[PDB]
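What follows is a short report on a single structure.
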Amino acid sequence: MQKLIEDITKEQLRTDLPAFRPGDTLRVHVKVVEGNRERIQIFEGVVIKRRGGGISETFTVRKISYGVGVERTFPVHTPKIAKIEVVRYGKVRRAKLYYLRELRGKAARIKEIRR
Amino acid sequence: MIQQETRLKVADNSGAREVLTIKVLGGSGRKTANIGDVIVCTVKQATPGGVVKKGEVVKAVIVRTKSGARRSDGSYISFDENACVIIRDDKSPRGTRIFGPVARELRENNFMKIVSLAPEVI
Amino acid sequence: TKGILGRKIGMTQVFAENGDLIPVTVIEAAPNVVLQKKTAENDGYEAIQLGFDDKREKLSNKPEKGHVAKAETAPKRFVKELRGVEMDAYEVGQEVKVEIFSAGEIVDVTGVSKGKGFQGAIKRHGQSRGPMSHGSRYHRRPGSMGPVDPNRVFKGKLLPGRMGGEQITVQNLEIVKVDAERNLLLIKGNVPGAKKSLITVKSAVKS
Amino acid sequence: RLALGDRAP
Amino acid sequence: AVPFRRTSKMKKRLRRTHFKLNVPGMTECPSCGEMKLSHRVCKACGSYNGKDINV
Amino acid sequence: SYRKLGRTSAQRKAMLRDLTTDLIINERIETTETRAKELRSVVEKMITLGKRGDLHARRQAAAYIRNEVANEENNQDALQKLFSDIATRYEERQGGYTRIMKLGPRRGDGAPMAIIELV
RNA sequence: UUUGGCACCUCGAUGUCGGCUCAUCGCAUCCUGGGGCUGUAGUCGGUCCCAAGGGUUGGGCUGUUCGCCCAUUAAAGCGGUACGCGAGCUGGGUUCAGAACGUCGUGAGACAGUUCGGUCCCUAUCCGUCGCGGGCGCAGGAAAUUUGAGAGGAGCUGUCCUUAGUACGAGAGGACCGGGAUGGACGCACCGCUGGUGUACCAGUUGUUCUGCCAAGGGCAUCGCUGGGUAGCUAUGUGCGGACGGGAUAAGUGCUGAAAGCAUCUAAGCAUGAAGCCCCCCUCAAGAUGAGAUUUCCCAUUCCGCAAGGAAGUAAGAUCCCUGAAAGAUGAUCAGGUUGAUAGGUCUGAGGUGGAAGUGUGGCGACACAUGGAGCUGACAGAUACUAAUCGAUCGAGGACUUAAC
Ligand SMILES: [K+]
Ligand SMILES: [K+]
Ligand SMILES: [K+]
Ligand SMILES: [K+]
Ligand SMILES: [K+]
Ligand SMILES: [K+]
Ligand SMILES: [K+]
Ligand SMILES: [Mg+2]
Ligand SMILES: [Mg+2]
Ligand SMILES: [Mg+2]
Ligand SMILES: [Mg+2]
Ligand SMILES: [Mg+2]
Ligand SMILES: [Mg+2]
Ligand SMILES: [Mg+2]
Ligand SMILES: [Mg+2]
Ligand SMILES: [Mg+2]
Ligand SMILES: [Mg+2]
Ligand SMILES: [Mg+2]
Ligand SMILES: [Mg+2]
Ligand SMILES: [Mg+2]
Ligand SMILES: [Mg+2]
Ligand SMILES: [Mg+2]
Ligand SMILES: [Mg+2]
Ligand SMILES: [Mg+2]
Ligand SMILES: [Mg+2]
Ligand SMILES: [Mg+2]
Ligand SMILES: [Mg+2]
Ligand SMILES: [Mg+2]
Ligand SMILES: [Mg+2]
Ligand SMILES: [Mg+2]
Ligand SMILES: [Zn+2]
């Protein structure tokens with residue numbers, strides 16, 4: 001990729017994010033604005049993908065909520081995320097965990113790493 | 001992305017279990033409906049004893065979809081299923097309980113009773 | 001009217017202050033130079049001729065070198081006119097820079113659309129296919145050429161042929177950021193043409 | 001190749 | 001679809017206006033002086049760019 | 001982009017592997033020009049492995065080079081030649097291990113022929 | 001546009017219903033725009049006038065056209081174009097040979113009665129349509145930038161909020177005009193985002209076969225299969241558009257005003273007034289032979305000739321040939337051709353894959369862990385003359401006459 005696009009966008013890259021990879025469990029603290037009030041909704045879930053480069057990098061987290069799978073895809077460097085905290089590092093064998101979309105319950109379990 | 005013939009789970013206790021989409025509302029040749037859009041639909045499967053009966057034509061608001069929805073901040077939400085809630089003309093749900101998480105987009109369209117009844121709004 | 005010539009670098013995105021994610025096109029427009037002023041007396045209409053992008057001497061010719069002598073500049077790769085401008089605001093040799101624009105300003109952007117080569121009626125004119133089964137031998141063909149009675153096809157029966165490579169204007173794009181040091185405009189949305197292609201950025205005509 | 005032909009019965 | 005009328009000698013000859021060969025892109029070989037295709041090894045003597053190739 | 005050379009993916013791979021080993025053994029082959037042009041990159045990348053010289057490099061090359069005798073006297077394989085003779089020759093040169101010279105059309109099908117050789 | 005009447009073209013063949021694909025035209029207007037009258041309070045309507053700019057849905061049933069129905073919609077217009085379009089498609093029906101039912105017939109058989117089944121050929125010559133080159137022209141030869149005669153495109157419209165629960169109305173209900181917001185359908189561009197594809201990217205895996213064996217690999221099995229995926233191309237994805245106005249008008253409304261002491265929109269005179277007309281907006285455009293304009297470059301050579309002309313070598317400049325892609329069927333276009341980053345290679349990255357081999361350790365072993373976000377990596381970025389863009393050659397002005405002003 002152009003150094004020029006890299007240079008224009010460098011200022012908007014967040015530095016405060018922890019290293020995570022697909023299979024890690026995050027709590028993503030999302031700024032939310034229902035009404036005029038501002039509050040933090042937490043989205044806890046498995047990272048199922050992380051694609052793209054630089055300011056365009058996104059990640060997707062998946063949770064089962066009330067018996068329904070939910071995925072939220074965020075720009076890595078969105079200012080709408082207050083913070084990300086890694087709950088547990090998973091042991092997976094690939095970059096994209098789309099096979100989890102078809103699994104529920106015990107079949108959908110990811111082993112932890114001592115990282 | 002819900003169109004004519006798309007079947008949806010019903011995310012409420014109105015009596016309908018599954019509906020078939022008869023029509024996306026809101027303009028002449030409109031192909032597709034998304035979260036927060038209203039559809040006309042027929043009840044294909046019903047719970048025995050419910051208020052809403054099999055074969056009834058009803059309005060419903062879509063509250064989750066597999067296609068999901070994009071937000072102005074460049075984030076997305078998707079669900080594992082397509083689901084709707086049977087409504088009256090004033091947007092109030094015909095049932096008394098909503099099951100499963102609904103999308104924040106329903107606040108924007110002024111489906112407040114649904115948003116209040118939902119166990120989670122993501 | 002105001003305007004400048006640059007190259008399309010590519011696309012990226014920028015977070016707004018409200019946190020909205022704005023896709024942007026990056027146009028790099030090193031200072032354009034006013035090479036000529038056409039006047040109503042001499043030329044019959046008022047315009048300035050902007051040169052952009054210094055060209056190596058080997059790649060120039062004597063007619064070009066002479067034309068850019070008055071502006072006291074190197075030979076330019078791209079030369080375009082702007083009509084509607086304030087004639088008194090410009091002088092031959094004057095540098096026109098990206099900071100003529102400011103963030104929030106509404107612009108029209110003009111460039112040559114990417115080339116697609118020879119394309120059929122489905123891709124080129126957005127026509128329907130015929131059925132793919134049920135015995136069809138009518139898939140990606142262009143439809144009846146017309147009725148019998150004229151003994152001929154009317155002009156504007158659309159058919160296959162070369163697609164793209166056309167001048168295209170997109171109206172009412174917003175300048176998101178101007179970077180004067182790097183000579184960049186960042187424009188909300190997408191604009192015509194391949195990367196490295198010449199883009200003209202003008203103040204919007206419907207403003 | 002038609003069953004009957006042009007301007008069939 | 002078949003020709004509705006035969007083509008006259010004249011129309012046949014007009015059509016063949018552009019049915020021609022061009023002269024080869026040829027240049028004198030600096031080594032041996034025979035003509036060669038520009039940017040190819042000279043077949044006669046096997047030189048290219050003042051070097052023997054077929055050594 | 002890259003050329004298809006009128007062949008299926010597998011056929012094209014087979015042919016590029018064949019030509020690559022031919023050029024290692026012979027050090028100069030004659031072929032169609034469009035084949036020569038495709039062969040340059042493929043061959044120069046094998047020489048890069050040879051210059052690396054490590055076992056991982058040799059096995060990457062072994063996945064591509066054909067099992068052919070490059071020298072009957074010494075019983076040297078094409079792979080052994082690549083990793084010894086060719087690699088040593090081009091220790092100091094940084095890329096551009098081949099050159100294409102054009103010959104002109106062959107009788108038979110007018111195909112523009114070329115010599116490709118190691119520099 | 002119907003059913004017909006007539007039998008004029010076609011029986012050395014004018015394929016025949018419906019649908020599909022592609023439209024285009026008329027206006028007797030379905031919607032939207034403008035109006036007059038109303039048994040027009042308002043909201044709705046009715047009826048007539050102007051108006052063809054754009055728009056005018058998806059399903060169930062039936063071969064169906066039509067029609068009925070469901071659900072929408074601003075609206076679900078009516079007609080023409082060989083019942084538009086079968087050398088464009090379909091072939092359900094109709095319209096051959098088989099078979100059957102009812103029926104008629106002594107019978108063979110018959111029925112715009114029904115039923116199940118039943119070969120849809122053609123390499124485009126010409127015009128025409130859509131693209132793309134070559135030639136010459138345009139009183140010298142060139143390199144750019146242009147004017148716009150003229151042509152094409154676009155032209156649709158909902159809902160909500162507000163004005164205002166105001167006007168109107170017994171109430172029920174409930175506006176105009178004017179602000180603002182946000183959609184549907186349609187179109188243009190583009191890949192940053194979400195996705196799709198991605199057969200010379202990465203990984204897992206079955207069988208068998210080969211590299212002597214182990215280990216590690218290759219071949220074939222749809223790319224063997226399976227999980228991902230870069231560039232590119234893409235829509236369902238993103239951005240943007242039909243804005244704001246001028247000018248002249250239609251129906252309509254008039255003002256002033258006589259013919260005709262009054263009255264009268266009209267005869268003189270003066271206004272107003274539609275989504276329509278001409279512009280405004282987007283694109284093509286001087287072969288616009290009416291061949292336009294501006295800026296800049298070359299420079300008046302040599303030889304034949306009584307000159308008129310002719311030939312030759314050149315200038316500015318361009319091309320052949322070559323490296324290619326942002327271009328592309330091929331030509332063309334564009335970036336380059338050595339004081340050159342044009343392409344490959346190389347080096348460094350990005351992205352993708354997801355943890356190489358080897359070795360070690362642990363385990364009886366399958367395997368696990370470490371070394372180490374490793375190894376590998378088409379097309380993407382930057383750098384670097386290492387390789388190839390060699391050496392050449394070809395083309396290309398010297399500018400007619402007349403008159404007028406200088
Ligand atoms: K006949
Ligand atoms: K046919
Ligand atoms: K015909
Ligand atoms: K003809
Ligand atoms: K994309
Ligand atoms: K001209
Ligand atoms: K290892
Ligand atoms: Mg990544
Ligand atoms: Mg279709
Ligand atoms: Mg087919
Ligand atoms: Mg005619
Ligand atoms: Mg294979
Ligand atoms: Mg008669
Ligand atoms: Mg005949
Ligand atoms: Mg009328
Ligand atoms: Mg008829
Ligand atoms: Mg017909
Ligand atoms: Mg026909
Ligand atoms: Mg049939
Ligand atoms: Mg009988
Ligand atoms: Mg009959
Ligand atoms: Mg009968
Ligand atoms: Mg015009
Ligand atoms: Mg990309
Ligand atoms: Mg993609
Ligand atoms: Mg083994
Ligand atoms: Mg075999
Ligand atoms: Mg076999
Ligand atoms: Mg001219
Ligand atoms: Mg290079
Ligand atoms: Zn020679």
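Every chain is numbered from 1 and lettered A, B, ... according to where its sequence line falls, protein lines coming before strand lines. The figures here come from the full heavy-atom set of this structure, side chains too, leaving out hydrogens, waters and symmetry mates.
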Original post:
Is G:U57 base-paired to G:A71, counting Watson-Crick or G-U wobble with both distances below 3.5 Å?
Top reply: yes

Original post:
Stacked, yes or no: G:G349 with G:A350, six-ring centres under 5.5 Å, planes under 30°?
Top reply: yes

Original post:
Is G:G18 paired with G:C66, either Watson-Crick or G-U wobble, both distances below 3.5 Å?
Top reply: no

**OP:** Check every strand shown and say whether F:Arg89 touches a base, only sugar-phosphate, or nothing at a heavy-atom separation below 4.0 Å.
**Re:** nothing

Original post:
Just to confirm, is there a sub-4.0 Å distance from OP1 or OP2 of G:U353 to any side-chain nitrogen or oxygen of A:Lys96?
Top reply: yes

**OP:** Scan B:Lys66 against the nucleic acid and name what it touches under 4.0 Å (heavy atoms): base, sugar-phosphate only, or nothing.
**Re:** nothing

**OP:** For G:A108, decide between syn and anti, treating a glycosidic angle within 90° of 0 as syn.
**Re:** anti

Original post:
Taking a pair to be Watson-Crick or G-U wobble with both distances under 3.5 Å, do G:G77 and G:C27 qualify?
Top reply: yes

Original post:
Hey, does the side-chain of B:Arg30 have a donor or acceptor N/O within less than 3.5 Å of a partner on the base of G:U73?
Top reply: no

**OP:** Check whether any side-chain N or O of C:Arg141 sits under 3.5 Å from a backbone N or O of C:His139 as a donor-acceptor pair, and report yes or no.
**Re:** no

Original post:
Touch check for F:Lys45, heavy atoms < 4.0 angstrom, all strands: base, sugar-phosphate only, or nothing?
Top reply: sugar-phosphate

Subject >> G:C401 vs G:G113: Watson-Crick/wobble pairing, cut-off under 3.5 Å >> reply: no

Subject >> Pairwise P distance, G:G232 and G:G352 [rounded to whole Å] >> reply: 14 Å

**OP:** Could you tell me which nucleotide pairs with G:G324 by Watson-Crick or G-U wobble geometry, both distances under 3.5 Å, or answer none if nothing does?
**Re:** G:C334

Original post:
Below 3.5 Å, does any donor atom in the side chain of C:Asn42 face an acceptor in the base of G:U294, or the other way round?
Top reply: no

Original post:
Hey, does C:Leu173 reach any base, or is it just sugar-phosphate, or nothing, if we go heavy atoms under 4.0 Å?
Top reply: sugar-phosphate

Original post:
Under a 3.5 Å rule for both distances, is G:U211 the Watson-Crick or G-U wobble partner of G:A216?
Top reply: yes

Original post:
Between B:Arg71 and B:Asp73, is a salt bridge (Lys or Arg N to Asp or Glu O under 4.0 Å) present by the stated rule, with each step listed?
Top reply: CA-CA 5 Å; B:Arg71 297 167 175 190; B:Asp73 61 338; over 6 Å; no

**OP:** If the glycosidic angle is within 90 degrees of 0 it's syn, otherwise anti, so just tell me which one G:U266 is.
**Re:** syn

Original post:
Is the glycosidic torsion of G:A385 within 90° of 0, making it syn, or is it anti?
Top reply: syn

Subject >> Stacked pair G:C265/G:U266, ring centres under 5.5 Å, planes under 30° >> reply: no

Original post:
What is the nucleic acid contact for C:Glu166, judged by heavy atoms within less than 4.0 Å: base, sugar-phosphate only, or nothing?
Top reply: nothing

Subject >> Check: G:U296 base within 3.5 Å donor-acceptor of C:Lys62 side chain >> reply: no

**OP:** In whole angstrom, give me the gap between the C1' atoms of G:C191 and G:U236.
**Re:** 14 Å

Original post:
How would you label the contact of C:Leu158 with the nucleic acid (heavy atoms, under 4.0 Å): base, sugar-phosphate, or nothing?
Top reply: nothing

**OP:** Could you tell me whether E:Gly50 contacts a base, only the sugar-phosphate backbone, or nothing, with contacts defined as non-hydrogen atoms closer than 4.0 Å?
**Re:** nothing

Original post:
Does F:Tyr2 make a side-chain donor-acceptor contact with the base of G:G378, cut-off 3.5 Å?
Top reply: yes

Original post:
Do we see a donor-acceptor contact under 3.5 Å between the side chains of C:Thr25 and C:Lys8?
Top reply: no

**OP:** Answer with base, sugar-phosphate or nothing: what part of the nucleic acid does E:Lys20 contact at a heavy-atom distance below 4.0 Å?
**Re:** nothing

**OP:** Answer yes if the side chains of A:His77 and C:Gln13 hold a donor-acceptor pair under 3.5 Å, and no otherwise.
**Re:** no

**OP:** Kindly say whether G:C78 and G:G26 qualify as a Watson-Crick or G-U pair under the rule that both distances are below 3.5 angstrom.
**Re:** yes

**OP:** Kindly point out which of G:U146, G:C298, G:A23 is positioned nearest to the side chain of C:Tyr45?
**Re:** G:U146

Subject >> Side-chain donor/acceptor of E:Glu28 to base of G:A393, under 3.5 Å >> reply: no

Original post:
Could one point to a donor on the side chain of D:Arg7 or the base of G:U14 with an acceptor on the other under 3.5 Å away?
Top reply: yes

**OP:** Determine the contact category for A:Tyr99: base if any of its heavy atoms lies under 4.0 Å from a base atom, sugar-phosphate if only primed atoms, P, OP1 or OP2 are that close, otherwise nothing.
**Re:** nothing

**OP:** Assign a letter to each nucleotide of nucleotides 208-218 of chain G from its 5' end: B, base within under 4.0 Å of a protein heavy atom; S, sugar-phosphate only; -, no contact.
**Re:** ---S---BSSS

Original post:
For atom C1', what is the distance between G:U147 and G:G292, given to the nearest Å?
Top reply: 8 Å

What N/O pairs connect the protein and nucleotides 327-329 of chain G at under 3.5 Å? Give each pair on its own line.
residue : atom : partner  : partner atom : Å
G:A327  : OP1  : C:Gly115 : N            : 2.7
G:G328  : OP1  : C:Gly117 : N            : 2.9
G:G328  : OP2  : C:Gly115 : O            : 3.3
G:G328  : OP2  : C:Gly117 : N            : 3.4
G:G328  : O3'  : C:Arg162 : NH2          : 3.2
G:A329  : OP1  : C:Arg162 : NH2          : 3.1
G:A329  : OP2  : C:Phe118 : N            : 2.9

